[PDB]
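Q: Sequence, then structure. It's an experimental one.
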2 protein chains.
Amino acid sequence: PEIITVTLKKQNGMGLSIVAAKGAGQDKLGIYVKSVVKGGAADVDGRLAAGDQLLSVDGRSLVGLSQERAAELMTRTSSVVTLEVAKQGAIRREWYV
Amino acid sequence: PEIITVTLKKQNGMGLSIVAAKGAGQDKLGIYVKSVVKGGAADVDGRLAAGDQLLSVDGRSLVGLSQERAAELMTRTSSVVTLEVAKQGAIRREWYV
């Protein structure tokens, strides 16, 4: 799983719409990019994309946390935010029914 | 929130790729349609779509359950399955960052 570090200058927010989900593989709850806002900070930066997992915010992990704990952590971010992101794999575990 | 009942004749499975997530509004974990397989049972039926929440399977609720409990419930389904689905709203709660 490819992991990268993305640093953003917040325009109005990071220009990101997120969701709490469990990876089909995982038992640990995670924060994922549901979609990117065109023309927002993450869009212009050009790295982040729907499906990417947000591992940490400002060095503090987002993995396995309550939706309350994670929301608190997002509201506390500076004008500048550094994310560790697990890039969505080409070869990936998924759940079929 | 519009709720409907969809009954499917399983071809090879329902032709559905699902995910466990929390609605931005919700604290209850849910089963959602991540994507539909073209040419699968749900596709041909034409009702189900990415974003829809799967409320119950065969009359048994999928809301708020462990990923183990839900997977067990999906593997137990007959050649015929009846789902209660909460259609993804146009006006909906979402989580921006």
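A: The structure has been received and is ready for your questions. Residues are numbered from 1 along each chain as shown, chains lettered A, B, ... in the order given.

Q: Output the longest helix belonging to chain A.
A: What stands out as the longest helix in chain A, according to DSSP state H, is helix A:67-75.

Q: Correct me if wrong: residue A:59 contacts residue A:83.
A: No. Counting by Cβ atoms under 8 Å, residue A:59 does not reach residue A:83; the two are 10.0 Å apart. All C-beta atoms are positioned from the backbone trio N, CA, C, and that covers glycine.

Q: When these two are compared, which one has more neighbours?
A: residue A:83 (25 against 8; other Cβ atoms under 10 Å in any protein chain shown).

Q: for the more buried one, what are its contacts?
A: A:5-8, A:48, A:54-57 (Cβ atoms under 8 Å, 6 or more residues apart in numbering or on different chains).

Q: Let me know the closest of those residues to residue B:36.
A: Comparing these against residue B:36 with Cβ to Cβ picks out residue A:48 as the nearest, at 25.1 Å.

Q: Any figure for the gap between residue A:89 and chain B?
A: Using Cβ to the nearest Cβ, to the nearest Å, residue A:89 is found at 15 Å from chain B.

Q: Count the residues that sit near the closest residue to that residue other than its chain neighbours.
A: In space, and not counting its chain neighbours, residue A:89 is closest to residue A:1: 5.9 Å by Cβ to Cβ, 6 or more residues apart in numbering or on different chains. Neighbours of residue A:1 under the rule other Cβ under 10 Å: 10.

Q: same deal with residue A:49?
A: Residue A:49, neighbours per other Cβ under 10 Å, totals 14.

Q: Distance check, it against residue A:92.
A: 13 Å (Cβ to Cβ, to the nearest Å).

Q: Return the residues in contact with residue A:15.
A: Taking Cβ under 8 Å, 6+ apart as the contact definition, residue A:15 lies against A:36-37, A:39-44.
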